[PDB]
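For reference, model_5.pdb (PDB, C-alpha atoms (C1' of nucleotides)):
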ATOM      1  CA  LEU A   1      54.406   2.665  -0.301  1.00  0.00           C
ATOM      2  CA  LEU A   2      53.023   2.745  -3.867  1.00  0.00           C
ATOM      3  CA  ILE A   3      52.170   6.481  -4.157  1.00  0.00           C
ATOM      4  CA  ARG A   4      55.394   8.564  -4.168  1.00  0.00           C
ATOM      5  CA  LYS A   5      56.502  10.909  -1.375  1.00  0.00           C
ATOM      6  CA  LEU A   6      56.538  14.251  -3.144  1.00  0.00           C
ATOM      7  CA  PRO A   7      53.266  14.414  -5.115  1.00  0.00           C
ATOM      8  CA  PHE A   8      51.568  13.174  -1.965  1.00  0.00           C
ATOM      9  CA  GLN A   9      53.316  15.857   0.077  1.00  0.00           C
ATOM     10  CA  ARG A  10      52.115  18.504  -2.349  1.00  0.00           C
ATOM     11  CA  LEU A  11      48.573  17.148  -2.222  1.00  0.00           C
ATOM     12  CA  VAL A  12      48.604  17.191   1.575  1.00  0.00           C
ATOM     13  CA  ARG A  13      49.899  20.761   1.662  1.00  0.00           C
ATOM     14  CA  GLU A  14      47.306  21.849  -0.894  1.00  0.00           C
ATOM     15  CA  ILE A  15      44.517  20.355   1.193  1.00  0.00           C
ATOM     16  CA  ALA A  16      45.954  21.828   4.393  1.00  0.00           C
ATOM     17  CA  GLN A  17      46.074  25.248   2.763  1.00  0.00           C
ATOM     18  CA  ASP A  18      42.351  25.718   3.399  1.00  0.00           C
ATOM     19  CA  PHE A  19      42.212  25.257   7.167  1.00  0.00           C
ATOM     20  CA  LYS A  20      45.124  27.503   8.168  1.00  0.00           C
ATOM     21  CA  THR A  21      47.494  29.463   5.976  1.00  0.00           C
ATOM     22  CA  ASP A  22      51.208  28.585   5.937  1.00  0.00           C
ATOM     23  CA  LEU A  23      51.261  25.495   8.197  1.00  0.00           C
ATOM     24  CA  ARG A  24      54.544  23.566   8.753  1.00  0.00           C
ATOM     25  CA  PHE A  25      54.574  19.711   8.765  1.00  0.00           C
ATOM     26  CA  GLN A  26      56.580  17.227  10.906  1.00  0.00           C
ATOM     27  CA  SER A  27      59.009  14.299  10.249  1.00  0.00           C
ATOM     28  CA  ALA A  28      56.457  11.450  10.687  1.00  0.00           C
ATOM     29  CA  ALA A  29      53.200  13.215   9.818  1.00  0.00           C
ATOM     30  CA  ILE A  30      53.219  12.901   6.035  1.00  0.00           C
ATOM     31  CA  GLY A  31      54.499   9.335   6.307  1.00  0.00           C
ATOM     32  CA  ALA A  32      51.703   8.370   8.685  1.00  0.00           C
ATOM     33  CA  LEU A  33      49.163  10.051   6.430  1.00  0.00           C
ATOM     34  CA  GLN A  34      50.413   8.074   3.449  1.00  0.00           C
ATOM     35  CA  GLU A  35      50.347   4.780   5.355  1.00  0.00           C
ATOM     36  CA  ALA A  36      46.799   5.413   6.566  1.00  0.00           C
ATOM     37  CA  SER A  37      45.627   6.501   3.123  1.00  0.00           C
ATOM     38  CA  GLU A  38      47.067   3.456   1.382  1.00  0.00           C
ATOM     39  CA  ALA A  39      45.702   1.059   4.009  1.00  0.00           C
ATOM     40  CA  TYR A  40      42.276   2.674   3.681  1.00  0.00           C
ATOM     41  CA  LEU A  41      42.322   2.488  -0.101  1.00  0.00           C
ATOM     42  CA  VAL A  42      43.445  -1.144  -0.076  1.00  0.00           C
ATOM     43  CA  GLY A  43      40.570  -2.050   2.228  1.00  0.00           C
ATOM     44  CA  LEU A  44      38.189  -0.152  -0.022  1.00  0.00           C
ATOM     45  CA  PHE A  45      39.512  -2.013  -3.060  1.00  0.00           C
ATOM     46  CA  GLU A  46      39.014  -5.281  -1.209  1.00  0.00           C
ATOM     47  CA  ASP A  47      35.364  -4.435  -0.605  1.00  0.00           C
ATOM     48  CA  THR A  48      34.988  -3.252  -4.203  1.00  0.00           C
ATOM     49  CA  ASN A  49      36.463  -6.516  -5.476  1.00  0.00           C
ATOM     50  CA  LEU A  50      34.040  -8.434  -3.279  1.00  0.00           C
ATOM     51  CA  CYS A  51      31.092  -6.519  -4.718  1.00  0.00           C
ATOM     52  CA  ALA A  52      32.333  -6.919  -8.293  1.00  0.00           C
ATOM     53  CA  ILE A  53      32.731 -10.664  -7.815  1.00  0.00           C
ATOM     54  CA  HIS A  54      29.252 -10.699  -6.294  1.00  0.00           C
ATOM     55  CA  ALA A  55      27.911  -9.176  -9.483  1.00  0.00           C
ATOM     56  CA  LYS A  56      29.475 -12.149 -11.381  1.00  0.00           C
ATOM     57  CA  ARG A  57      32.097  -9.701 -12.804  1.00  0.00           C
ATOM     58  CA  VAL A  58      35.886  -9.269 -12.617  1.00  0.00           C
ATOM     59  CA  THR A  59      35.966  -5.561 -13.462  1.00  0.00           C
ATOM     60  CA  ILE A  60      35.430  -3.067 -10.649  1.00  0.00           C
ATOM     61  CA  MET A  61      33.128  -0.175 -11.542  1.00  0.00           C
ATOM     62  CA  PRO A  62      32.273   3.063  -9.691  1.00  0.00           C
ATOM     63  CA  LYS A  63      28.906   1.732  -8.546  1.00  0.00           C
ATOM     64  CA  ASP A  64      30.703  -0.993  -6.616  1.00  0.00           C
ATOM     65  CA  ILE A  65      32.716   1.681  -4.823  1.00  0.00           C
ATOM     66  CA  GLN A  66      29.498   3.552  -4.107  1.00  0.00           C
ATOM     67  CA  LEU A  67      27.830   0.431  -2.711  1.00  0.00           C
ATOM     68  CA  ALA A  68      30.870  -0.321  -0.559  1.00  0.00           C
ATOM     69  CA  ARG A  69      30.956   3.195   0.865  1.00  0.00           C
ATOM     70  CA  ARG A  70      27.175   3.057   1.447  1.00  0.00           C
ATOM     71  CA  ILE A  71      27.412  -0.212   3.398  1.00  0.00           C
ATOM     72  CA  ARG A  72      30.464   0.923   5.361  1.00  0.00           C
ATOM     73  CA  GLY A  73      28.428   3.957   6.387  1.00  0.00           C
ATOM     74  CA  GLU A  74      30.516   6.540   4.552  1.00  0.00           C
ATOM     75  CA  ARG A  75      29.297   9.961   3.491  1.00  0.00           C
TER      76      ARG A  75
ATOM     77  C1'  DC B   1     -96.733  -3.803  71.309  1.00  0.00           C
ATOM     78  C1'  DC B   2     -98.703   0.001  68.258  1.00  0.00           C
ATOM     79  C1'  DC B   3     -99.192   4.359  64.981  1.00  0.00           C
ATOM     80  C1'  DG B   4     -97.608   8.078  61.190  1.00  0.00           C
ATOM     81  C1'  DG B   5     -95.318   8.090  56.927  1.00  0.00           C
ATOM     82  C1'  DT B   6     -91.270   8.007  53.740  1.00  0.00           C
ATOM     83  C1'  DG B   7     -87.260   6.543  50.964  1.00  0.00           C
ATOM     84  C1'  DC B   8     -85.059   2.697  49.545  1.00  0.00           C
ATOM     85  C1'  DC B   9     -84.426  -1.806  46.612  1.00  0.00           C
ATOM     86  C1'  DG B  10     -86.659  -5.177  42.890  1.00  0.00           C
ATOM     87  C1'  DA B  11     -88.058  -7.349  38.646  1.00  0.00           C
ATOM     88  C1'  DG B  12     -89.664  -5.521  34.961  1.00  0.00           C
ATOM     89  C1'  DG B  13     -91.224  -1.906  31.155  1.00  0.00           C
ATOM     90  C1'  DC B  14     -89.811   0.650  27.333  1.00  0.00           C
ATOM     91  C1'  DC B  15     -87.344   3.808  24.753  1.00  0.00           C
ATOM     92  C1'  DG B  16     -83.573   5.116  21.257  1.00  0.00           C
ATOM     93  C1'  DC B  17     -80.163   3.029  19.321  1.00  0.00           C
ATOM     94  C1'  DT B  18     -76.820  -0.226  16.362  1.00  0.00           C
ATOM     95  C1'  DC B  19     -76.172  -4.374  13.526  1.00  0.00           C
ATOM     96  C1'  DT B  20     -77.448  -7.701   9.275  1.00  0.00           C
ATOM     97  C1'  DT B  21     -79.160  -9.449   4.430  1.00  0.00           C
ATOM     98  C1'  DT B  22     -81.081  -8.667   0.424  1.00  0.00           C
ATOM     99  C1'  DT B  23     -81.552  -6.615  -4.160  1.00  0.00           C
ATOM    100  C1'  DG B  24     -85.237 -11.182 -11.773  1.00  0.00           C
ATOM    101  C1'  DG B  25     -83.845 -15.207 -15.714  1.00  0.00           C
ATOM    102  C1'  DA B  26     -81.053 -16.901 -19.727  1.00  0.00           C
ATOM    103  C1'  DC B  27     -77.453 -15.991 -23.564  1.00  0.00           C
ATOM    104  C1'  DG B  28     -72.987 -13.880 -26.506  1.00  0.00           C
ATOM    105  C1'  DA B  29     -68.322 -11.514 -27.527  1.00  0.00           C
ATOM    106  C1'  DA B  30     -64.090  -8.795 -26.599  1.00  0.00           C
ATOM    107  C1'  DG B  31     -60.283  -7.000 -23.703  1.00  0.00           C
ATOM    108  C1'  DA B  32     -56.784  -6.991 -19.857  1.00  0.00           C
ATOM    109  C1'  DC B  33     -54.471  -9.348 -16.728  1.00  0.00           C
ATOM    110  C1'  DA B  34     -52.209 -13.429 -13.916  1.00  0.00           C
ATOM    111  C1'  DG B  35     -44.928 -11.933  -8.042  1.00  0.00           C
ATOM    112  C1'  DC B  36     -40.715  -8.655  -9.452  1.00  0.00           C
ATOM    113  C1'  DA B  37     -36.033  -6.367  -9.715  1.00  0.00           C
ATOM    114  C1'  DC B  38     -32.504  -6.749  -7.098  1.00  0.00           C
ATOM    115  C1'  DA B  39     -28.453  -8.775  -4.408  1.00  0.00           C
ATOM    116  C1'  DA B  40     -23.747 -11.468  -2.850  1.00  0.00           C
ATOM    117  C1'  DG B  41     -21.457 -15.285  -3.428  1.00  0.00           C
ATOM    118  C1'  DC B  42     -19.689 -20.121  -5.361  1.00  0.00           C
ATOM    119  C1'  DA B  43     -17.178 -22.669  -8.829  1.00  0.00           C
ATOM    120  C1'  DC B  44     -15.205 -21.824 -12.884  1.00  0.00           C
ATOM    121  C1'  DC B  45     -12.667 -19.945 -17.411  1.00  0.00           C
ATOM    122  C1'  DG B  46      -9.536 -16.478 -19.010  1.00  0.00           C
ATOM    123  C1'  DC B  47      -5.743 -12.731 -20.246  1.00  0.00           C
ATOM    124  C1'  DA B  48      -1.900  -9.572 -18.684  1.00  0.00           C
ATOM    125  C1'  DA B  49       2.016  -9.718 -16.692  1.00  0.00           C
ATOM    126  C1'  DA B  50       6.518 -10.615 -13.273  1.00  0.00           C
ATOM    127  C1'  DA B  51      11.351 -12.347 -11.976  1.00  0.00           C
ATOM    128  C1'  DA B  52      14.077 -15.037 -13.757  1.00  0.00           C
ATOM    129  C1'  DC B  53      16.505 -18.121 -17.285  1.00  0.00           C
ATOM    130  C1'  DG B  54      18.315 -19.328 -22.092  1.00  0.00           C
ATOM    131  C1'  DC B  55      20.599 -17.514 -26.847  1.00  0.00           C
ATOM    132  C1'  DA B  56      22.777 -14.375 -30.313  1.00  0.00           C
ATOM    133  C1'  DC B  57      25.621 -11.019 -31.684  1.00  0.00           C
ATOM    134  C1'  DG B  58      28.400  -6.717 -31.961  1.00  0.00           C
ATOM    135  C1'  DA B  59      31.490  -3.575 -30.024  1.00  0.00           C
ATOM    136  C1'  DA B  60      34.641  -1.872 -26.464  1.00  0.00           C
ATOM    137  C1'  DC B  61      37.774  -3.686 -23.886  1.00  0.00           C
ATOM    138  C1'  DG B  62      42.224  -6.824 -23.375  1.00  0.00           C
ATOM    139  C1'  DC B  63      46.194  -8.403 -25.669  1.00  0.00           C
ATOM    140  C1'  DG B  64      50.191  -7.664 -28.424  1.00  0.00           C
ATOM    141  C1'  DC B  65      53.747  -4.558 -30.477  1.00  0.00           C
ATOM    142  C1'  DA B  66      56.876  -0.308 -31.375  1.00  0.00           C
ATOM    143  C1'  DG B  67      57.240   4.332 -29.616  1.00  0.00           C
ATOM    144  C1'  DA B  68      57.583   8.662 -26.371  1.00  0.00           C
ATOM    145  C1'  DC B  69      57.498  10.393 -21.624  1.00  0.00           C
ATOM    146  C1'  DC B  70      58.577  11.737 -16.923  1.00  0.00           C
ATOM    147  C1'  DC B  71      58.314   9.021 -12.502  1.00  0.00           C
ATOM    148  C1'  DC B  72      61.682   7.112 -10.271  1.00  0.00           C
ATOM    149  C1'  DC B  73      66.400   6.453  -8.654  1.00  0.00           C
ATOM    150  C1'  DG B  74      70.774   8.140  -7.308  1.00  0.00           C
ATOM    151  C1'  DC B  75      73.817  11.809  -6.091  1.00  0.00           C
ATOM    152  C1'  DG B  76      75.525  15.949  -3.064  1.00  0.00           C
ATOM    153  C1'  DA B  77      74.396  20.588   0.015  1.00  0.00           C
ATOM    154  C1'  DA B  78      72.200  23.407   3.412  1.00  0.00           C
ATOM    155  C1'  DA B  79      69.976  24.084   7.689  1.00  0.00           C
ATOM    156  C1'  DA B  80      64.930  24.122  10.148  1.00  0.00           C
ATOM    157  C1'  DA B  81      63.421  22.125  13.789  1.00  0.00           C
ATOM    158  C1'  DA B  82      63.040  17.917  16.544  1.00  0.00           C
ATOM    159  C1'  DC B  83      64.853  15.843  20.951  1.00  0.00           C
ATOM    160  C1'  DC B  84      67.259  16.902  25.373  1.00  0.00           C
ATOM    161  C1'  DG B  85      68.425  19.765  29.512  1.00  0.00           C
ATOM    162  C1'  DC B  86      67.699  23.097  33.537  1.00  0.00           C
TER     163       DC B  86
END
Please re-express this file's structure in structure tokens.
Amino acid sequence: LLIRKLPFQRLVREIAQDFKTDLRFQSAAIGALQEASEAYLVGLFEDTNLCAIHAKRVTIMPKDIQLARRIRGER
DNA sequence: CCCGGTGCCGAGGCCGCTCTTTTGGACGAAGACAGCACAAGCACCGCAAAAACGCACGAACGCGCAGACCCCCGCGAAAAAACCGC
């Protein structure tokens, strides 16, 4: 895993702090969340690279991300 | 077969009416006219502009280098809570 394990834990807790106050986490929940997040982001970067190559470029730009999320059907 | 007499049909008379042609001879000059405005389409010439391609150049990003930073790695401690049982 490329992201670390403690900043990601803090991010997850911060996000979870909105839906219910003072929620405990479990052995393999944060690990699964990190695996899913990194897999998702790698797929998104694959699609972004495809779009950037389509535009005859090598640099990925935010509009490529936006196009990828639009075609995937993401809101 | 004969008498009294009347009302019905015939070819013609005649009356009021409607239709037709005509309106002197010759000469001169001037002036104003003698289908049109309107209509859709063919075959053609033309300018304004698109989506894309070709060229030039300037700057903002990559590359390269020496520096500062804190993510990452490694270590040891404590015990919440996950996995198991009845």
For chain B, report every residue with an atom at most 12 Å from chain A (counting all atoms listed in the file), formatted as an MDAnalysis selection string. chainID B and resid 61:62 71:72 80:82
Evaluated on this file, the PyMOL selection byres ((chain A and resi 2) around 10) picks out some residues - which ones are they, written as an NGL selection string? :A and (1 or 3-5 or 34-35 or 38)
If we count all atoms listed in the file and set the cut-off at 10 Å, which residues sit around residue 52 in chain A, ignoring sequence neighbours fewer than 4 positions away in its own chain? Please answer as a ChimeraX atom specification. /A:46-48,56-61,63-65
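Going from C1' of residue 77 in chain B to CA of residue 28 in chain A covers 22.8 Å.
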Would you compute the distance between CA of residue 36 in chain A and CA of residue 69 in chain A? Give it in Å to one decimal. 17.0 Å
